[PDB]
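>>> Structure here, sequence nowhere to be found:
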RNA sequence: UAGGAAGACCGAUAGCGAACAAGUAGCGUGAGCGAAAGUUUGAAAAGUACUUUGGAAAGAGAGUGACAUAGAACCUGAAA
RNA sequence: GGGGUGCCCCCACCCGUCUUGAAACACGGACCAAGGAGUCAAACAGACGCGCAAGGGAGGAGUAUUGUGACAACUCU
RNA sequence: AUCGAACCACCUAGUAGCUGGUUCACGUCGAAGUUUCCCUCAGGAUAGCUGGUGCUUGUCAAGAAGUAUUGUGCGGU
RNA sequence: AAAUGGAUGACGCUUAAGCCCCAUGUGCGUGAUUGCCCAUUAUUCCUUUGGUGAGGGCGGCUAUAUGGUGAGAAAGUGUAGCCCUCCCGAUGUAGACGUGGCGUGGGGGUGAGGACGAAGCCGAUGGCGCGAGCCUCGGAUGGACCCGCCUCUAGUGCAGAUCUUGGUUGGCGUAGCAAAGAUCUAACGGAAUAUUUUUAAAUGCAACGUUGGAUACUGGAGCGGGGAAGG
RNA sequence: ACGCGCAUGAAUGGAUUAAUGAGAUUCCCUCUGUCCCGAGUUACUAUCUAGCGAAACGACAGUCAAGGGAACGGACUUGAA
RNA sequence: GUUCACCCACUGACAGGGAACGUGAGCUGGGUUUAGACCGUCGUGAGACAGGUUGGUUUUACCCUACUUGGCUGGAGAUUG
RNA sequence: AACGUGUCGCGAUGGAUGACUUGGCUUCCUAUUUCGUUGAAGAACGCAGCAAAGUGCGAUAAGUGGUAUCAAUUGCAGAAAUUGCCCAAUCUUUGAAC
Ligand SMILES: [K+]
Ligand SMILES: [K+]
Ligand SMILES: [K+]
Ligand SMILES: [Mg+2]
Ligand SMILES: [Mg+2]
Ligand SMILES: [Mg+2]
Ligand SMILES: [Mg+2]
Ligand SMILES: [Mg+2]
Ligand SMILES: [Mg+2]
Ligand SMILES: [Mg+2]
Ligand SMILES: [Mg+2]
Ligand SMILES: [Mg+2]
Ligand SMILES: [Mg+2]
Ligand SMILES: [Mg+2]
Ligand SMILES: [Mg+2]
Ligand SMILES: [Mg+2]
Ligand SMILES: [Mg+2]
Ligand SMILES: [Mg+2]
Ligand SMILES: [Mg+2]
Ligand SMILES: [Mg+2]
Ligand SMILES: [Mg+2]
Ligand SMILES: [Mg+2]
Ligand SMILES: [Mg+2]
Ligand SMILES: [Mg+2]
Ligand SMILES: [Mg+2]
Ligand SMILES: [Mg+2]
Ligand SMILES: [Mg+2]
Ligand SMILES: [Mg+2]
Ligand SMILES: [Mg+2]
Ligand SMILES: [Mg+2]
Ligand SMILES: [Mg+2]
Ligand SMILES: [Mg+2]
Ligand SMILES: [Mg+2]
Ligand SMILES: [Mg+2]
Ligand SMILES: [Mg+2]
Ligand SMILES: [Mg+2]
Ligand SMILES: [Mg+2]
Ligand SMILES: [Mg+2]
Ligand SMILES: [Mg+2]
Ligand SMILES: [Mg+2]
Ligand code: NA
Ligand code: NA
Ligand code: NA
Ligand code: NA
Ligand code: NA
Ligand code: NA
């Protein structure tokens, strides 16, 4: 039985979840630490090439 | 392998056959009747069954088979004359006799001391039934092992 | 699925401080499993000269001198093949955790690498996963003098805030004295305790009667 | 298309349909549908010469091997 | 003392299920092996654990690192 | 071998207030089939019955009682 | 006055073993106040388990080697319960909650075991626990890995779903193998014989191909001779 | 044949029709095992043997009377085999 | 089609009923109650009628018991003392 | 009696369990990284001493040429090269197919 709860508005009625019949619509961040290393490496390479410009 | 060990191995001959293409139930009755018999007596009985003068008693697998007057000597009423199983057992008894001769024993004094029949792997065929059905049609071979000792 | 977790910054610093204080108690070090029976003093502080080593033989001689070779021998004997499916997934061998050596920076470790059963640490970033392996406190730690002298600045005192962590100070104790048994047996407490009362004799054989009429 | 790093994942009815001559064998006029199956004997074939019964298949001996109740789709070998 | 197999006297309707009511002339039930069903994400509420408190906490990014390195550490008019 | 709307693949694990199933042990407690509203009558929401967590207290008794007595009112079987 | 043969439960009972009423041991008109039988009830005793549980001890100086007596004592919800006394409750569908409660795959720690034999499998192998289960023994089994404890994690426990996939099964040597007329004989071939030790028949049956002969069928809209489609 | 026809009737066709029909109904001749009332015979089965060899179904099982019970029991109570 | 009904005839007499309104793995399939089709009445129509009419697959026993026949064989401490 | 029932030892039938794993699934990174009328992708037919499938190759057909390495291949032959990489070539009948 429902009691005294807030009225839910969860907004999840489209096909976002990948299943056997749907491609889905999602985004994850498993590449976050690898991309952090890549951006720093590019900045260091660019500094070496354009030396001594700021 | 053999399921029993003869007490005196020197005076004992053995023989066996595997995947014999004979009905297991028929061979079961044919081989079991000669346990405890003398070798010559067992050979005589098989020859008389081929002549249809004596019969093999069916004791376990005998559901709704015919009655015979020749089964009274076994204290029973049901019996039959399976020729295919009998000729196979006669061949096996000849092999065991050859083993005894090579070992140096006398075949005229040997006594059968162990007989065993088991079910072998089955072979599959098929038969056609009404309304487009197919049902199995299987064959049931058997293994036979025995040995006899000289008292 | 939610693979990772968030932890409050203050709680993470709390855990590191507590695991460090546990390493100064020789009873807790022995309970975790380390062999420190030949160690001169705890916490163990050695001279800075160990950073100039270049040959592994010199490091082994130094470990035997300060008495830390018993723990590294214990790790050597414990090496064995893992039980179960884990040996099929690039986890074939297992071993125990030995002593940890703390250096002021990430330099001077060539002679101490390749020694089985020894761990290197940098005082500027201490890892709780290394200080309390398996969640159990009391790791055996060997300090260099330079790294030891930086502990006051890195973590701060009970009144002076730290200089490396923004506005961090050591948490105050809940009890001014942890020895509770002394308080219970002190003269001040025993003055106001209620007096003892006489107790009856022990019951003998010959069970007592109950029929008041017969 | 070439390469690398791996995993608190699955472990042959699981994991891709496919650990194997697998989009194969097979099915349907066709569009299409679609398996089963670890060759896991032994460190090494050293894979049982030879005697004897048998038309043969095989049986009884003998031999190799630590073990043959490890004998060839051969580790272990449960229940009905 | 325990275990196995009989025997004697006494006691004793077939399991699971829906149902007011099942031993039912109500349904599912030949046997064995291996599989087989309250999970993950997101918003909110209450109970309980932990840190700080008129304040609490970030995120995204950045600073320094073949080293247990996709971790851990640091980022304050 | 398909027709009061063929066959193949896909949307599709279509929805089902309806039928069937739902895997270890011991311990402390333990019901309801009634009220009001609903295109409601094989279903829900709502109060009641129950469990858990307690809070504030007391220790012979506060705001105790499915029971009597005394006094004082009500009634039309 | 009814449809199977049948019901004081049956047999039977008539100085009742029927109906109404009255009594009680040894001694029924002299023994006043219990004739006897049967409960998961009542009283009492022992043990367990849970409490709105109730009390007590816990600052270890009497003295003591082996070949006057020997072991424990934890300030504690929860145990192999810190220990000792005492009191009150204990069944239960749907349902709620508790458990230093049991079991499975893998991670972090700690401690072990193994070719003098790991996992797995087998059992008239016993012991422990209320129980889920745990441990030992034997193997005339196996041939290379695996477990105890604290924590983390999950594709984590089966008797049934006209459940899925394999295997096995009574029925059972049973039901049957009955349209299209039908074969016989000698010789040869074949391992398929003329097979006996313990006269000939009553102890090697049954069945196969070719050739010669016999018998019989198809009966030119043919079990004749040629083609297409399909193979 | 008759007609107050619940509710016959005119291309929602009315009335009648020789020939035709594996169409529905009644009667007659002939004929018969359809029957009174069954009997005898043949071929192939079943039945026995040699060879070969399934399926369906299958909680567990299988003697009755009365009783009560979910108001028609193989299991329960009492009796009888 | 009938249960029922009503007539003809014989007879001593042509009584009334039950057993899952006994009896379909015993038969039969005339009726009732699918799909085709005609008529009357009703309905705008698709169609309806407890109104009439004609045509319309009747499956399986080899299991247990019961019953009918048919045989083998122990047994009184009803297998033992 | 026989059939039938039960227990123990051994043997059949069957392929579970355990230990193994050149397979799968999921996430991350780096490039002088993106086909074809100069005939692609797909489809058919062939090629080895013994060669059915699969693999490689195209009438120069389990390969020709260059280069690095340095003695094999292996079931039996047979001889006295093989393996990795890649510039030079060959490349049957078709297919956008013209
Ligand atoms: K027969
Ligand atoms: K036969
Ligand atoms: K036969
Ligand atoms: Mg990216
Ligand atoms: Mg028959
Ligand atoms: Mg057929
Ligand atoms: Mg057909
Ligand atoms: Mg698979
Ligand atoms: Mg094996
Ligand atoms: Mg009902
Ligand atoms: Mg029930
Ligand atoms: Mg009933
Ligand atoms: Mg679903
Ligand atoms: Mg249900
Ligand atoms: Mg209660
Ligand atoms: Mg409304
Ligand atoms: Mg009575
Ligand atoms: Mg209870
Ligand atoms: Mg319950
Ligand atoms: Mg798992
Ligand atoms: Mg599961
Ligand atoms: Mg199971
Ligand atoms: Mg037959
Ligand atoms: Mg027939
Ligand atoms: Mg003719
Ligand atoms: Mg003719
Ligand atoms: Mg009209
Ligand atoms: Mg007109
Ligand atoms: Mg009209
Ligand atoms: Mg005509
Ligand atoms: Mg006609
Ligand atoms: Mg009855
Ligand atoms: Mg019944
Ligand atoms: Mg009636
Ligand atoms: Mg009837
Ligand atoms: Mg019928
Ligand atoms: Mg009828
Ligand atoms: Mg009937
Ligand atoms: Mg009709
Ligand atoms: Mg052209
Ligand atoms: Na018979
Ligand atoms: Na598959
Ligand atoms: Na029901
Ligand atoms: Na139902
Ligand atoms: Na219902
Ligand atoms: Na012809």
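Cool, got the structure. Residues are numbered from 1 along each chain as shown, chains lettered A, B, ... in the order given. Ligands and ions are numbered 1, 2, ... in the order given.

>>> Regarding chain B, what is its longest helix?
Determined from DSSP state H, the single longest helix within chain B is helix B:83-103.

>>> What is that helix packed up against?
In terms of contacts (3 or more Cβ pairs under 8 Å, 6 or more residues apart in numbering or on different chains; DSSP states H and E), helix B:83-103 is packed against strand B:12-20, helix B:24-32, helix B:39-50, strand B:142-149. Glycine gets a C-beta too; all of them are placed from N, C-alpha and C.

>>> Okay, the residue of chain A found nearest RNA strand G and RNA strand I: tell me how far apart.
Distances between chain A and RNA strand G by Cβ to the nearest atom of the strand are smallest at residue A:1, namely 12.7 Å. Look at residue A:1 and RNA strand I: by Cβ to the nearest atom of the strand, to the nearest Å, they are 46 Å apart.

>>> And for residue C:65?
Residue C:65 is 90 Å from RNA strand I, by Cβ to the nearest atom of the strand.

>>> Output the set of residues of chain B in proximity to RNA strand G.
Proximity of chain B to RNA strand G is confined to B:23-26, B:40-41, B:43-44, B:47-48, B:50-54, B:61-65, B:83, B:87, B:90-91, B:94, B:106-108, B:119, B:122, B:140 under the rule Cβ under 7 Å from any atom of the strand.

>>> Among these, the buried ones, what's the ChimeraX command?
Typed into ChimeraX, the next command selects the buried ones out of these (criterion: 16 or more other Cβ atoms under 10 Å in any protein chain shown):
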select /B:23,24,25,26,43,54,62,107,140
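
>>> Could I get the helices and strands packed on helix B:83-103 in TSV, plus columns for distance to RNA strand I?
Below are the helices and strands packed on helix B:83-103 laid out as TSV (distance: least, Cβ to the nearest atom of the strand, whole Å):
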stretch	distance to RNA strand I
strand B:12-20	27
helix B:24-32	16
helix B:39-50	21
strand B:142-149	24
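
>>> so which of those comes closest to RNA strand E?
Across those, RNA strand E has its closest neighbour in helix B:24-32 (19.4 Å, Cβ to the nearest atom of the strand).

>>> Let me see the contact set for the residue of chain B found nearest RNA strand H.
RNA strand H sits closest to residue B:66 of chain B, with a gap of 2.4 Å, by Cβ to the nearest atom of the strand. Residues in contact with residue B:66, defined by Cβ atoms under 8 Å, 6 or more residues apart in numbering or on different chains, are B:78, B:80.

>>> Kindly report the same for the one 4 residues further on.
Residues touching residue B:70, when contacts are defined by Cβ under 8 Å, 6+ apart, comprise B:53, B:54, B:55, B:79.

>>> same check, this time on residue C:104
By Cβ under 8 Å, 6+ apart, the contact list for residue C:104 reads C:122, C:123, C:124, C:144, C:146, C:147, C:150.

>>> How about the residues of chain C by RNA strand D?
C:85, C:86, C:88, C:89, C:90, C:91.

>>> residue ranges of the helices in chain A, please?
Using DSSP H, helices in chain A cover A:32-49.

>>> Kindly report the residues of it close to RNA strand F.
For chain A, the residues in contact with RNA strand F (Cβ under 7 Å from any atom of the strand) are A:1, A:2, A:3, A:15, A:19, A:20, A:21, A:22.

>>> and the first one, how far is that from residue A:10?
Applying Cβ to Cβ, to the nearest Å, the value for residue A:1 to residue A:10 is 20 Å.
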